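Asks: Take these chains first, placed just as they are in the complex:
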Amino acid sequence: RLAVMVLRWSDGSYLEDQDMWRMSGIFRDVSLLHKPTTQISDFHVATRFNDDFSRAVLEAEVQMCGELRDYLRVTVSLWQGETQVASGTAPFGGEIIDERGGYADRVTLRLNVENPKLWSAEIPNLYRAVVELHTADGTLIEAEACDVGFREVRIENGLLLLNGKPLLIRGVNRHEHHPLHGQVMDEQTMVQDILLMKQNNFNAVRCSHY
């Protein structure tokens, strides 16, 4: 039996003075997750490109918690549909960063990807990255994953560029609101909003203000 005492007001309220309905309660999903003692505690995915985006390097930094051993390994494989385009395996122990050494509980995989399909609101090309925590000899401990969008966002010479091209933001601010359920969001409402936004030529949204 869980017992949750939710307070409407707290010092946290001072930082939540957004122009909207002031409500309270457990308005988002509550779930139970089970992780192995030796687990993936965090992972970052980055994509760098060459001048003409004809080549890319996907770097995945993976962090673990628990029993650190020489047999541990991390394998990051990249998929395009059911086709594995790239894959890298390595043991833990990041590069040396300071006089005390490096992160023995971390590893960074670098995967080369030629002529990658670039992500944008125009064409949302996505790849699937699977992060496997396992023993060198083949035993999977646990796996995590995310959709990877190959795109570069940078500001150059005063212009915001996406994959090297200047963006023209056709955006709108969107609060999480429902006339019946309040600030509780559901998939159907989210999908409806996105379809309506894209149907009306919007390509961007700002999470006002949270």
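Replies: Nice, thanks for sending it over. Numbering: from 1, shown residues only, chains lettered A, B, ... in the order given.
Asks: make it CA atoms for all contacts and neighbour counts henceforth
Replies: Noted.
Asks: Excluding chain neighbours, what is closest to the most centrally placed residue in chain A?
Replies: Chain A has residue A:146 as the residue nearest its centroid, 6.5 Å off, counting by CA atoms, centre = their mean. The shortest distance from residue A:146 to any non-neighbouring residue, by CA to CA, 6 or more residues apart in numbering, is to residue A:129 (5.6 Å).
Asks: And stretch A:158-166, what's buried?
Replies: Judged by neighbour count (16 or more other CA atoms under 10 Å), stretch A:158-166 contains these buried residues: A:161-164.
Asks: Tell me which residues are up against stretch A:174-181.
Replies: The contact list for stretch A:174-181 (CA atoms under 8 Å, 6 or more residues apart in numbering) reads A:183-185, A:205-209.
Asks: still on that earlier bit, and the residue nearest to the centre of chain A, how far is that from residue A:177?
Replies: Per CA to CA, to the nearest Å, residue A:146 is found 27 Å from residue A:177.
Asks: hey, where'd the strands end up in chain A?
Replies: Under the criterion DSSP state E, chain A contains strands at A:39-49, A:55-65, A:72-80, A:83-91, A:106-114, A:127-135, A:140-148, A:153-156, A:159-162, A:165-166, A:171-173, A:204-206.
Asks: quick one on the thing from earlier: if you rank the contacts of stretch A:174-181 by neighbours, which is first?
Replies: residue A:183 (18 neighbours; other CA atoms under 10 Å).
Asks: which residues does residue A:144 contact?
Replies: A:40, A:130-132.
Asks: Check those residues and tell me the two furthest apart.
Replies: Maximum pairwise distance among these (CA to CA): 12.0 Å, between A:40 and A:130.
Asks: Looking at those two, which one has more neighbours?
Replies: Neighbours of residue A:40 and residue A:130, each counted by other CA under 10 Å, are more numerous for residue A:40; the result is 23 against 18.
Asks: any idea how far the nearest residue to that one once chain neighbours are set aside is from residue A:104?
Replies: In this structure, residue A:40 finds its nearest non-sequential neighbour in residue A:64, 4.4 Å apart by CA to CA, 6+ apart. Look at residue A:64 and residue A:104: by CA to CA, they are 9 Å apart.
Asks: add chain B to the structure above, sequence below:
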Amino acid sequence: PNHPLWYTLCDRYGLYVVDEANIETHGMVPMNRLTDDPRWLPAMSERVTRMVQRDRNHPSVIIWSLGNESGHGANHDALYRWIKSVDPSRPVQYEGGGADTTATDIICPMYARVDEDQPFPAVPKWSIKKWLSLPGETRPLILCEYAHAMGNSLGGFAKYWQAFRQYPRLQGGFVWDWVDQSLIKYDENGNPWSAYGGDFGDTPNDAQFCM
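Replies: Next up, chain B placed on what we already have:
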């Protein structure tokens, strides 16, 4: 370069002067055919250097000009640098080749409009408000020529000034121009009348475009 007395009078009466080298090759095709030719560098340099050596002590002169309508050639970059080198007390400007080349410290377009762009190939005349904020541009903008006062003209003059006052980097310009270039001729009765292009048998000529 003007008659020497002009600067003395501008010094004493108070007028900011733009001293310009006697260099204009507008009729060439392209406009920079000679200014980009190193063989014409010597003749051009004398027109710039001898000007600076003559007028550099005049306080009314606040800006040096490399000339007018001669496109943009390497000779302009060289002479631009020569002046910056011998006299760092005054900015150097030049409109040829786009009004914003490497040969000018000031974006000095001619007849660039306030809000409307004129996207000419290679040498576009952007609306002055838009010119200022082009990616990477940081220089001030002063039109070397604007509000062409030919005949019944100067319509929209107020639009320029509303912009000059609102935009810090839009610091004005020079109207084109001061006085009609008409010449006096006399009829049979001996009465005087104002004449222009072609009234002297001159041809080809561009008629009233001198007024």
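Asks: coming back round to it: pretty sure the residue nearest to the centre of chain A is touching residue A:130, no?
Replies: Yes - Residue A:146 is in contact with residue A:130 according to CA atoms under 8 Å; the separation is 6.9 Å.
Asks: Next, the buried residues of stretch B:144-156.
Replies: B:144-149 (16 or more other CA atoms under 10 Å in any protein chain shown).
Asks: Spell out which parts of chain A neighbour chain B.
Replies: A:157-159 (CA under 8 Å from any CA of the partner chain).
Asks: Work out for me the element residue B:84 sits within.
Replies: helix B:74-86 (DSSP states H and E).
Asks: Bridging across strands, which residues link to residue B:173?
Replies: residue B:143 (DSSP bridges).
Asks: for it, what are its contacts?
Replies: If a contact means CA atoms under 8 Å, 6 or more residues apart in numbering or on different chains, then residue B:173 has B:142-146 as its contacts.
Asks: do the same with residue B:194
Replies: With CA under 8 Å, 6+ apart, residue B:194 has these contacts: B:182-185.
Asks: In strands only, show me those.
Replies: B:183-185.
Asks: From these, pick the one nearest residue B:82.
Replies: Using CA to CA, the ones in strands among the contacts of residue B:194 come closest to residue B:82 at residue B:183, 38.9 Å.
Asks: Identify the residue spatially nearest to that closest one, adjacent ones excluded.
Replies: With CA to CA, 6 or more residues apart in numbering or on different chains as the criterion, residue B:183 has its nearest non-adjacent residue at 5.0 Å, and that residue is residue B:195.
Asks: same thing with residue A:103?
Replies: In space, residue A:103 is closest to residue A:94, 5.2 Å off (CA to CA, 6+ apart).
Asks: Contacts only, for residue 132.
Replies: Let's take chain A. By CA under 8 Å, 6+ apart, the neighbours of residue A:132 are A:74-76, A:140-144.
Asks: please go with chain B instead
Replies: B:138-141, B:169-170.
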